[PDB]
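Note: the block below is data.txt and it holds compact mmCIF, C-alpha atoms and all ligand atoms.
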# COMPACT_ATOMS: atom_id res chain seq x y z
CA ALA A 4 -21.39 -1.28 59.35
CA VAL A 5 -20.96 0.89 62.43
CA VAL A 6 -17.57 1.12 64.11
CA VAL A 7 -18.33 0.92 67.83
CA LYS A 8 -15.84 2.29 70.36
CA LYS A 9 -16.11 0.84 73.87
CA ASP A 10 -14.26 2.58 76.68
CA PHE A 11 -12.77 0.62 79.54
CA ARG A 12 -10.54 1.14 82.53
CA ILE A 13 -8.21 -1.38 84.16
CA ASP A 14 -7.48 -0.63 87.82
CA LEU A 15 -3.92 -1.49 88.83
CA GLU A 16 -2.07 -1.05 92.13
CA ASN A 17 -3.04 1.85 94.41
CA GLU A 18 -4.19 4.86 92.46
CA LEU A 19 -2.86 3.71 89.04
CA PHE A 20 -4.96 2.71 86.03
CA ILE A 21 -5.06 2.09 82.29
CA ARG A 22 -7.77 3.73 80.20
CA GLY A 23 -8.45 2.06 76.92
CA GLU A 24 -10.83 1.49 74.10
CA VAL A 25 -12.03 -1.46 72.03
CA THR A 26 -12.82 -0.60 68.42
CA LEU A 27 -14.82 -3.10 66.42
CA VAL A 28 -17.44 -3.57 63.73
CA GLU A 29 -19.84 -5.97 65.45
CA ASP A 30 -20.33 -8.91 63.09
CA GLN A 31 -21.23 -11.53 65.73
CA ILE A 32 -18.04 -13.51 64.98
CA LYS A 33 -14.56 -13.69 66.49
CA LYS A 34 -12.12 -11.32 64.85
CA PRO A 35 -8.32 -11.25 64.94
CA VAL A 36 -6.95 -8.93 67.60
CA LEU A 37 -4.65 -5.94 67.08
CA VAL A 38 -3.24 -4.31 70.24
CA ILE A 39 -1.76 -0.86 69.68
CA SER A 40 0.92 0.79 71.86
CA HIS A 41 1.60 4.53 71.55
CA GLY A 42 5.02 6.17 71.61
CA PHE A 43 6.75 7.95 74.45
CA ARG A 44 4.97 11.29 73.98
CA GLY A 45 1.67 9.75 72.86
CA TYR A 46 -1.63 8.79 74.44
CA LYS A 47 -4.56 6.86 73.06
CA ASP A 48 -6.28 9.93 71.59
CA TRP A 49 -3.08 11.41 70.13
CA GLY A 50 -2.79 12.26 66.44
CA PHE A 51 -3.52 9.38 64.10
CA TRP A 52 -4.35 6.71 66.70
CA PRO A 53 -8.19 7.05 66.68
CA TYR A 54 -8.11 6.97 62.89
CA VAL A 55 -5.76 3.97 62.85
CA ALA A 56 -7.88 1.97 65.31
CA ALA A 57 -11.02 2.65 63.26
CA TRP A 58 -9.15 1.87 60.02
CA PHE A 59 -8.25 -1.65 61.22
CA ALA A 60 -11.72 -2.17 62.73
CA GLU A 61 -13.28 -1.38 59.34
CA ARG A 62 -10.95 -3.99 57.86
CA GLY A 63 -11.84 -6.91 60.11
CA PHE A 64 -9.93 -6.56 63.40
CA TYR A 65 -10.88 -6.36 67.06
CA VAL A 66 -8.68 -3.40 68.03
CA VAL A 67 -7.40 -2.41 71.47
CA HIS A 68 -5.56 0.81 72.14
CA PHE A 69 -4.91 2.37 75.51
CA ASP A 70 -3.04 4.89 77.66
CA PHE A 71 0.06 3.61 79.39
CA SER A 72 -0.11 3.90 83.21
CA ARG A 73 2.19 6.93 83.15
CA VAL A 74 -0.42 8.91 81.20
CA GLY A 75 -3.14 8.50 83.81
CA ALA A 76 -0.63 9.24 86.57
CA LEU A 77 0.42 12.53 84.96
CA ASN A 78 -3.23 13.49 84.38
CA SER A 79 -4.01 12.59 88.00
CA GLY A 80 -1.44 15.01 89.42
CA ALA A 81 1.20 12.46 90.41
CA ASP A 82 4.57 14.01 91.23
CA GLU A 83 7.62 13.80 88.98
CA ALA A 84 9.29 10.82 90.67
CA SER A 85 6.08 8.78 90.33
CA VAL A 86 5.66 9.66 86.65
CA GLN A 87 9.33 8.92 85.97
CA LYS A 88 9.12 5.47 87.56
CA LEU A 89 6.12 4.61 85.37
CA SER A 90 8.04 5.68 82.23
CA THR A 91 10.44 2.75 81.97
CA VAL A 92 10.31 0.09 79.29
CA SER A 93 9.79 -2.35 82.17
CA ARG A 94 6.57 -0.61 83.13
CA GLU A 95 5.43 -0.67 79.49
CA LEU A 96 5.91 -4.46 79.51
CA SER A 97 3.87 -4.74 82.69
CA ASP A 98 1.10 -2.48 81.38
CA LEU A 99 0.94 -4.55 78.18
CA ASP A 100 0.65 -7.66 80.36
CA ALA A 101 -2.36 -6.14 82.12
CA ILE A 102 -3.98 -5.33 78.78
CA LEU A 103 -3.32 -8.80 77.34
CA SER A 104 -4.36 -10.63 80.54
CA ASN A 105 -7.65 -8.75 80.66
CA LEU A 106 -8.15 -9.54 76.98
CA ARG A 107 -7.38 -13.24 77.44
CA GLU A 108 -9.66 -13.45 80.49
CA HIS A 109 -12.49 -11.91 78.45
CA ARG A 110 -12.76 -8.87 80.70
CA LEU A 111 -12.54 -6.27 77.92
CA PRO A 112 -15.71 -5.02 76.22
CA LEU A 113 -17.16 -7.28 73.51
CA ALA A 114 -14.45 -9.88 74.24
CA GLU A 115 -16.64 -12.67 72.86
CA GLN A 116 -15.84 -11.15 69.46
CA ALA A 117 -12.07 -11.27 69.98
CA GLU A 118 -10.13 -14.14 68.38
CA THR A 119 -7.39 -14.40 71.00
CA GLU A 120 -5.76 -17.22 69.02
CA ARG A 121 -4.70 -14.47 66.57
CA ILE A 122 -3.10 -11.55 68.43
CA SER A 123 -0.85 -9.04 66.67
CA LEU A 124 0.93 -6.08 68.27
CA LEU A 125 1.52 -2.67 66.67
CA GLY A 126 3.92 -0.33 68.46
CA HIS A 127 5.09 3.15 67.52
CA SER A 128 8.58 4.55 68.15
CA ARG A 129 9.80 3.48 71.62
CA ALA A 130 6.86 1.07 71.88
CA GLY A 131 8.11 -0.60 68.72
CA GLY A 132 11.03 -1.92 70.73
CA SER A 133 9.00 -2.78 73.79
CA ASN A 134 6.42 -4.60 71.62
CA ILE A 135 9.22 -6.69 70.09
CA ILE A 136 10.46 -7.60 73.57
CA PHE A 137 6.94 -8.45 74.72
CA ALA A 138 6.25 -10.54 71.61
CA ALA A 139 9.51 -12.46 71.99
CA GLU A 140 8.70 -13.31 75.61
CA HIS A 141 5.06 -14.40 75.03
CA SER A 142 4.20 -17.40 72.86
CA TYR A 143 0.62 -16.18 72.48
CA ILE A 144 1.72 -13.18 70.36
CA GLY A 145 1.58 -14.27 66.73
CA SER A 146 3.11 -11.23 65.02
CA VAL A 147 4.45 -7.78 65.81
CA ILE A 148 4.80 -4.57 63.79
CA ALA A 149 6.96 -1.58 64.75
CA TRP A 150 6.41 1.88 63.20
CA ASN A 151 9.54 4.05 63.29
CA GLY A 152 10.95 2.03 66.18
CA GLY A 153 12.52 -1.29 67.00
CA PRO A 154 16.12 -0.66 68.13
CA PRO A 155 17.02 -1.44 71.76
CA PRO A 156 15.83 0.96 74.48
CA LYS A 157 18.09 3.72 75.75
CA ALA A 158 17.73 6.88 77.83
CA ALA A 159 14.80 9.11 76.84
CA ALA A 160 15.06 12.63 75.45
CA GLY A 161 15.03 15.65 77.73
CA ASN A 162 15.36 15.56 81.50
CA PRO A 163 17.37 12.73 83.11
CA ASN A 164 15.10 9.95 84.29
CA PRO A 165 17.16 7.85 86.74
CA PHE A 166 14.62 5.00 86.76
CA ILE A 167 15.02 4.73 82.98
CA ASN A 168 18.81 4.75 83.45
CA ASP A 169 18.61 1.88 85.96
CA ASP A 170 16.04 -0.05 83.88
CA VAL A 171 18.26 0.13 80.78
CA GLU A 172 21.38 -0.86 82.72
CA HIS A 173 19.89 -3.87 84.53
CA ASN A 174 18.28 -5.23 81.33
CA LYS A 175 20.89 -5.05 78.58
CA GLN A 176 20.47 -8.63 77.37
CA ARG A 177 16.73 -8.78 78.02
CA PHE A 178 16.05 -5.59 76.00
CA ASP A 179 18.47 -6.34 73.12
CA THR A 180 16.06 -6.39 70.17
CA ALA A 181 18.74 -7.28 67.62
CA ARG A 182 19.32 -10.61 69.38
CA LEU A 183 15.58 -11.05 69.96
CA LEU A 184 14.72 -10.42 66.30
CA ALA A 185 17.36 -12.88 65.12
CA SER A 186 15.91 -15.75 67.16
CA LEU A 187 12.20 -14.90 67.14
CA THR A 188 10.41 -17.28 64.77
CA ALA A 189 7.24 -15.16 64.68
CA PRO A 190 7.02 -12.68 61.77
CA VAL A 191 8.17 -9.14 62.62
CA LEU A 192 7.64 -6.12 60.38
CA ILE A 193 9.54 -2.86 60.85
CA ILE A 194 8.33 0.15 58.87
CA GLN A 195 10.74 3.09 58.93
CA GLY A 196 10.26 6.53 57.41
CA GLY A 197 13.33 7.67 55.49
CA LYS A 198 13.07 11.27 56.72
CA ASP A 199 13.30 10.22 60.33
CA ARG A 200 16.10 11.26 62.64
CA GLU A 201 19.44 9.82 61.71
CA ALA A 202 20.57 8.01 64.88
CA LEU A 203 17.32 6.04 64.53
CA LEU A 204 17.99 5.14 60.88
CA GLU A 205 21.41 3.80 61.91
CA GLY A 206 19.88 1.73 64.71
CA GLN A 207 17.46 0.32 62.15
CA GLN A 208 20.28 -0.74 59.82
CA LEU A 209 21.90 -2.68 62.67
CA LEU A 210 18.62 -4.56 63.25
CA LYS A 211 18.35 -5.50 59.59
CA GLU A 212 21.97 -6.62 59.56
CA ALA A 213 21.54 -8.57 62.80
CA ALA A 214 18.19 -10.16 61.81
CA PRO A 215 17.72 -10.46 58.03
CA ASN A 216 15.06 -13.15 58.60
CA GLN A 217 12.52 -10.42 59.41
CA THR A 218 10.73 -7.88 57.18
CA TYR A 219 12.00 -4.31 56.80
CA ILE A 220 10.08 -1.72 54.77
CA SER A 221 11.22 1.83 54.02
CA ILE A 222 8.90 4.74 53.32
CA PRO A 223 11.55 7.12 51.98
CA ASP A 224 9.73 10.49 52.27
CA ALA A 225 7.95 9.80 55.62
CA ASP A 226 8.85 11.35 58.99
CA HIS A 227 8.55 9.96 62.55
CA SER A 228 4.75 10.30 62.56
CA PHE A 229 4.13 9.58 58.86
CA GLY A 230 2.77 13.16 58.85
CA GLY A 231 -0.09 12.21 61.17
CA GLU A 232 0.96 14.27 64.15
CA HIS A 233 -1.67 15.90 66.33
CA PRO A 234 -4.30 17.25 65.57
CA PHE A 235 -5.62 14.91 62.87
CA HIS A 236 -7.82 16.38 60.14
CA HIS A 237 -7.14 13.74 57.46
CA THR A 238 -4.85 10.89 56.56
CA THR A 239 -1.61 11.25 54.58
CA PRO A 240 -0.13 9.13 51.76
CA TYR A 241 2.58 7.93 54.17
CA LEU A 242 0.13 6.85 56.87
CA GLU A 243 -2.11 5.11 54.33
CA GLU A 244 0.90 3.25 52.91
CA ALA A 245 2.02 2.21 56.40
CA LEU A 246 -1.52 0.94 57.16
CA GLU A 247 -1.79 -0.94 53.85
CA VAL A 248 1.64 -2.52 54.30
CA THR A 249 0.85 -3.45 57.93
CA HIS A 250 -2.52 -4.93 56.97
CA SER A 251 -1.01 -6.87 54.07
CA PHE A 252 1.78 -8.20 56.29
CA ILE A 253 -0.70 -9.51 58.89
CA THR A 254 -3.02 -11.23 56.42
CA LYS A 255 -0.05 -12.65 54.49
CA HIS A 256 0.86 -14.50 57.71
CA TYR A 257 -2.55 -15.72 58.93
CA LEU A 258 -2.22 -19.06 57.17
CA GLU A 259 0.81 -21.18 58.04
CA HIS A 260 2.62 -21.61 54.72
CA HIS A 261 5.86 -23.52 54.19
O1 LIG A 301 16.94 -0.94 54.92
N1 LIG A 301 15.73 -0.79 55.00
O2 LIG A 301 15.01 -0.62 54.03
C1 LIG A 301 15.12 -0.80 56.32
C2 LIG A 301 15.91 -1.09 57.43
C3 LIG A 301 15.31 -1.10 58.67
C4 LIG A 301 13.96 -0.83 58.81
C5 LIG A 301 13.20 -0.55 57.70
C6 LIG A 301 13.76 -0.53 56.43
Could you render the structure as structure tokens?
Amino acid sequence: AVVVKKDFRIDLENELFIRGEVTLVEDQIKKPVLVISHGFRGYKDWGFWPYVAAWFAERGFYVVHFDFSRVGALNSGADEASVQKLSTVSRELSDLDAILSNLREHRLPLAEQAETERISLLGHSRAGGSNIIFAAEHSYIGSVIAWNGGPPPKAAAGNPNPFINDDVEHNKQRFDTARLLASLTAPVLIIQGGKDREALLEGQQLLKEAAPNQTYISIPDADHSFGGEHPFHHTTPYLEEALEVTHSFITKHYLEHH
């Protein structure tokens, strides 16, 4: 049982691109799909992501994780205005659309082993919110999990990004995850570490109050990265628990029960 890792690159407009990887144990059968989105400071090789992708591949998934367009732009020497424009939630939604379209058109590596009837999303931090938005707007997403994220987007930390300020202001209803969670009939899981930063914990309580239909799990002693921040020598009890709970939540919802 070898975990294969197949690199790919999706060419977008002009000089932009998405680099990604498919992680899979090749069993000559279609496997449910997990698409992973990294957080605002992440990239596909950051911290626990390679371990996480392999962990789900060992447990029966066809896994996709990838660099958002803004990562390749930065690495390619794009200037600050270009990188800032690519850093909106709106661009995340568009990059996810390119990943999912290429998956659904069987252009990703080993796509004959992807069960595209059974797509789940896993998003970390800021991508937890954008994954909820994407899932709510796309019927073909069957379930979504957010790790230490979920609340509606707002202006990023550090330097002012005006494109982010405009994106947030022109999309207040569209990006309101409390309203989206309340009406989404697909199962949503939010895992939140109890040691995380305290404006985030308050945002998470508003989601649970707004949308008690969904599933909210606390890991009381875990921080924003479940201890798996870069570099990654080994897993942690908080990351293993988040993986277990995420896995259990997905399989619990594969069969339609009533
Ligand atoms: O209250 N909670 O346990 C909770 C609330 C939001 C997200 C995760 C857990």
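Closest approach to residue 95 of chain A from the set A:215, A:132, A:206, A:240 is made by A:132, with distances taken over all atoms listed in the file.
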Contacts of residue 162 of chain A within 12 Å, all atoms listed in the file, excl. fewer than 4 positions in-chain, as a count of residues only: 7
Give me, as a Markdown table, the closest atom pair and its distance (Å, one decimal) for every residue of chain A within a cut-off of 9 Å of ligand LIG 301 (chain A), counting only C-alpha atoms and all ligand atoms, rows sorted by chain and rising number.
| residue | atom | partner | partner_atom | distance |
| --- | --- | --- | --- | --- |
| A:151 | CA | A:LIG301 | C4 | 8.0 |
| A:152 | CA | A:LIG301 | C4 | 8.5 |
| A:153 | CA | A:LIG301 | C4 | 8.3 |
| A:192 | CA | A:LIG301 | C5 | 8.3 |
| A:193 | CA | A:LIG301 | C4 | 5.3 |
| A:194 | CA | A:LIG301 | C5 | 5.1 |
| A:195 | CA | A:LIG301 | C5 | 4.6 |
| A:196 | CA | A:LIG301 | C5 | 7.7 |
| A:197 | CA | A:LIG301 | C6 | 8.3 |
| A:204 | CA | A:LIG301 | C3 | 7.1 |
| A:205 | CA | A:LIG301 | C3 | 8.5 |
| A:206 | CA | A:LIG301 | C3 | 8.1 |
| A:207 | CA | A:LIG301 | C3 | 4.3 |
| A:208 | CA | A:LIG301 | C2 | 5.0 |
| A:209 | CA | A:LIG301 | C3 | 7.9 |
| A:210 | CA | A:LIG301 | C3 | 6.6 |
| A:211 | CA | A:LIG301 | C3 | 5.4 |
| A:212 | CA | A:LIG301 | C2 | 8.5 |
| A:218 | CA | A:LIG301 | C5 | 7.8 |
| A:219 | CA | A:LIG301 | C5 | 4.0 |
| A:220 | CA | A:LIG301 | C6 | 4.2 |
| A:221 | CA | A:LIG301 | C6 | 4.2 |
| A:222 | CA | A:LIG301 | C6 | 7.8 |
| A:223 | CA | A:LIG301 | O2 | 8.7 |
Residues near residue 90 of chain A, cut-off 10 Å, all atoms listed in the file, skip fewer than 6 positions along chain, as a count of residues only: 11
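Computed from the coordinates, the atom CA of residue 100 of chain A to atom CA of residue 130 of chain A distance equals 13.7 Å.
Taking atom CA of residue 52 of chain A and atom CA of residue 98 of chain A as endpoints, the distance between them is 18.2 Å.
From atom CA of residue 234 of chain A back to atom CA of residue 4 of chain A, the distance works out to 26.0 Å.
The closest residue to residue 259 of chain A, picked from A:163, A:145, A:23, A:154 and counting all atoms listed in the file, is A:145.
Residue nearest residue 29 of chain A, chosen from A:117, A:101, A:177, A:16 and counting all atoms listed in the file: A:117.
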Shell around segment 230-232 of chain A at 12 Å using all atoms listed in the file, local window under 6 positions removed, as a PyMOL selection string: chain A and resi 42+44-46+48-55+196+198-199+222+224+238-245
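You can rank A:40, A:184, A:8, A:189 by their closest distance to residue 129 of chain A using only C-alpha atoms, and at the top of that list sits A:40.
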Residue contacts of residue 181 of chain A (7 Å, all atoms listed in the file) excluding same-chain residues fewer than 4 positions away, as number ranges by chain: A: 185, 210, 213-214
Distance criterion (only C-alpha atoms): nearest to residue 115 of chain A out of A:246, A:5, A:60, A:36: A:36
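Distances here use all atoms listed in the file; by that measure, the residue among A:203, A:165, A:22, A:56 closest to residue 75 of chain A is A:22.
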Quick one: axis-aligned box around all listed atoms of segment 249-254 of chain A, 8 Å on every side, centre and edge lengths in Å to one decimal, written as lines of an AutoDock Vina configuration file.
center_x = -0.6
center_y = -7.3
center_z = 56.5
size_x = 20.8
size_y = 23.8
size_z = 20.8
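Contact shell of residue 171 of chain A at 9 Å (all atoms listed in the file; same-chain neighbours under 2 positions omitted): residues 91, 92, 93, 156, 157, 158, 166, 167, 168, 169, 173, 174, 175 and 178 of chain A.
Distance cut-off 9 Å, centre (-7.8, -3.4, 78.4), atoms counted only C-alpha atoms; the residues meeting this are residues 10, 11, 12, 13, 21, 22, 23, 24, 25, 67, 68, 69, 99, 101, 102, 103, 104, 105, 106, 110, 111 and 112 of chain A.
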